[PDB]
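Would you be able to build a 3D model of this:
(one chain, ligands or ions: 3)
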Amino acid sequence: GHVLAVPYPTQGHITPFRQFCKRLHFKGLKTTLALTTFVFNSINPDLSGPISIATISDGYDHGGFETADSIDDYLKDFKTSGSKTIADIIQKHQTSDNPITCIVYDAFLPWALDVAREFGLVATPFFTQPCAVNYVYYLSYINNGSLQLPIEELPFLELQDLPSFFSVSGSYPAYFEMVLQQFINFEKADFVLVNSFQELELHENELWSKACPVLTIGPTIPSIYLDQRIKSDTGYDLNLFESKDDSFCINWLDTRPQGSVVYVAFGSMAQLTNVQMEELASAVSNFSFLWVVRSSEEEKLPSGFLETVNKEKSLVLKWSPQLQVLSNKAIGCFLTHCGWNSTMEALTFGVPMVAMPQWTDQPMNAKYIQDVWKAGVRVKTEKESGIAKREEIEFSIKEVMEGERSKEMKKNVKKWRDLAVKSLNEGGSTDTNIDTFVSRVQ
Ligand SMILES: O=c1ccn([C@@H]2O[C@H](COP(=O)(O)OP(=O)(O)O)[C@@H](O)[C@H]2O)c(=O)[nH]1
Ligand SMILES: *[C@@H]1O[C@H](CO)[C@@H](O)[C@H](O)[C@H]1O
Ligand SMILES: O=C(O)c1ccccc1O
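Numbering: from 1, shown residues only. Ligands and ions are numbered 1, 2, ... in the order given. Okay, here it is:
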């Protein structure tokens, strides 16, 4: 058995795809990971497991996404160039020790099924977003692109709870058509994989599994932090942002008392405005903080803000070893844009969050953080503008550090570590679902 693994070319999709492959290798399955050449020349390959990489093309080997004329051009070029480049990996390996038997492609790339079917291969999409989010999208697809509020099977959800495509009308029309066209052919899939575990959205997994065979194979957080069954899986080893020489960071955090630091980070792709950046900077400077401002975003922090940094309470970085930060006892709360990987990381580490979602599926994750998992609070935004003002930010941070919702939320969230380990340990639902997939593949 041999699996070709095709992530969407961003950090948030690549690392679950890699981590999943480490589990496949642990279970005796050969995997080749298909990176775009733009990405492959942007990686800095320090590994934490055996890795086999094949290169494919999205049609932007030189400049990547930012050189495309439009988002919708990128997707269609990606389909054309990606279909050819993926086919060639399959062809080339046919006469080899292990010809490929299964394509595990990102759900954002449904055309990979066509390629998988043309070579008689097993095909399974891989959803990097939670069951709740995708079931919402699925219900729109079997509709014709909009949704019945309230959702009869999940009626506690409102307009501000939905993905940004619904509440910001007309925004990202091409990206909106992508998340819906995840379902154009998923019927024909041999299985459907989602980077979640059953006990985290037990309800919403059921709803979605009525329509399609869903196999939860998360969480994709490295084995060392949970189940420890995979000795080599110590961290995230395919990173698009250079690694700071990260022990400066983790040494600084063992300097500070337990639960004293506020961690701030917005993922790999989210861009705030100048206005957004000073409201944050003021609210956060009321605290001992660790803030990740990526390099493309230093522009928009206040004039001379990085000088005014109190070096005895707080620190600003271009990027961070987020896994090790969230495992560090000096963190008190995590101010997060609610990217799915970041949310599952904070839940697994028992770090309560201040949710400050920005777009696509982050509003849903923020609702579940506050009202389903009761593991954090959503910051309030002025409705004219969608911007969180410095005092609404500071209010929310204090509610998770000092309020006494704060020690209730503190204990509600520590439930999840042990649930996640149980699913990754022998006989867990995730460990069982991975075995069903491995069974099919050979
Ligand atoms: O400074 C940082 C910020 C983020 N991350 C990692 O980058 C991923 C971010 O993906 P996520 O799903 O949170 O959001 P997206 O980045 O896709 O918008 C997560 O695994 C984080 O652990 C990191 O390692 N250092
Ligand atoms: C879409 O817009 C969000 C905020 O609205 C920004 O974070 C992204 O960079 C952009 O693609
Ligand atoms: O990379 C992501 O996380 C993503 C998620 C939803 C829609 C578009 C995207 O690029």
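
Domains in the protein, by residue range?
Following curated CATH domains, one finds the domains of the chain at 1-228+423-442, 229-422.

Ends of the first one, what's the gap?
Read it as domain 1-228+423-442. By C-alpha to C-alpha, to the nearest Å, the extent of domain 1-228+423-442 from end to end equals 5 Å.

now do the last one
Distance between the boundary residues of domain 229-422 (C-alpha to C-alpha) amounts to 12 Å.

any chance of the domains of the chain in a markdown table, plus mean neighbour count?
To be clear about C-beta, it is placed using only N, CA and C from the backbone, and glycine gets the same treatment. Below are these laid out as a markdown table (neighbours: other C-beta atoms under 10 Å):
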| stretch | mean neighbour count |
| --- | --- |
| domain 1-228+423-442 | 18 |
| domain 229-422 | 18 |
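
residue ranges of the strands in the stretch 301-442 of the chain, please?
315-317, 331-336, 353-355, 376-378 (DSSP state E, counting those that start in this stretch).

could I get those strands as TSV with distance to ligand 3?
Listed next are the strands of the stretch 301-442 of the chain as TSV, based on distance: least, C-beta to the nearest ligand atom, whole Å:
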stretch	distance to ligand 3
strand 315-317	21
strand 331-336	14
strand 353-355	16
strand 376-378	19
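
would CSV of the domains of the chain with distance to ligand 1 be doable?
Listed next are these as CSV, based on distance: least, C-beta to the nearest ligand atom, whole Å:
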stretch, distance to ligand 1
domain 1-228+423-442, 2
domain 229-422, 2
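
helix/strand/coil for residue 208?
helix (DSSP: H, G, I helix; E, B strand; the rest coil).

Does it touch residue 131 like I think?
Yes. Using C-beta atoms under 8 Å, residue 208 is in contact with residue 131, at 5.2 Å.

tell me, what's touching these two both at once?
Residues touching both residue 208 and residue 131 (C-beta atoms under 8 Å, 6 or more residues apart in numbering): residue 214.

Centre-most residue in the chain?
The chain has residue 341 as the residue nearest its centroid, 3.2 Å off, counting by C-alpha atoms, centre = their mean.

Excluding chain neighbours, give the residue nearest to it in space.
residue 12 (5.6 Å; C-beta to C-beta, 6 or more residues apart in numbering).

show me the contacts for the one you found.
By C-beta under 8 Å, 6+ apart, the residues touching residue 12 are 128, 267-269, 339-341.

How about residue 259?
Here residue 259 is in contact with 329-332, 401 (C-beta under 8 Å, 6+ apart).

What's the separation between it and residue 287?
Look at residue 259 and residue 287: by C-beta to C-beta, to the nearest Å, they are 12 Å apart.

Residue 64 contacts residue 40, doesn't it?
No. If you go by C-beta under 8 Å, residue 64 and residue 40 don't touch, sitting 11.4 Å apart.

overlap in contacts of the two?
Joint contacts of residue 64 and residue 40 (C-beta under 8 Å, 6+ apart) do not exist.

what does the stretch 251-400 of the chain put close to ligand 3?
Within reach of ligand 3 by C-beta under 6 Å from any ligand atom, the stretch 251-400 of the chain has these residues: 269, 360-361.

Now do the helices in the stretch 301-442 of the chain.
With DSSP state H, counting those that start in this stretch as the criterion, the stretch 301-442 of the chain has helices at 322-326, 340-348, 362-367, 390-401, 406-424, 429-441.

Now tabulate those in CSV and tack on distance to residue 106.
Formatted as CSV, these follow (distance: least, C-beta to C-beta, whole Å):
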stretch, distance to residue 106
helix 322-326, 21
helix 340-348, 13
helix 362-367, 18
helix 390-401, 33
helix 406-424, 22
helix 429-441, 16
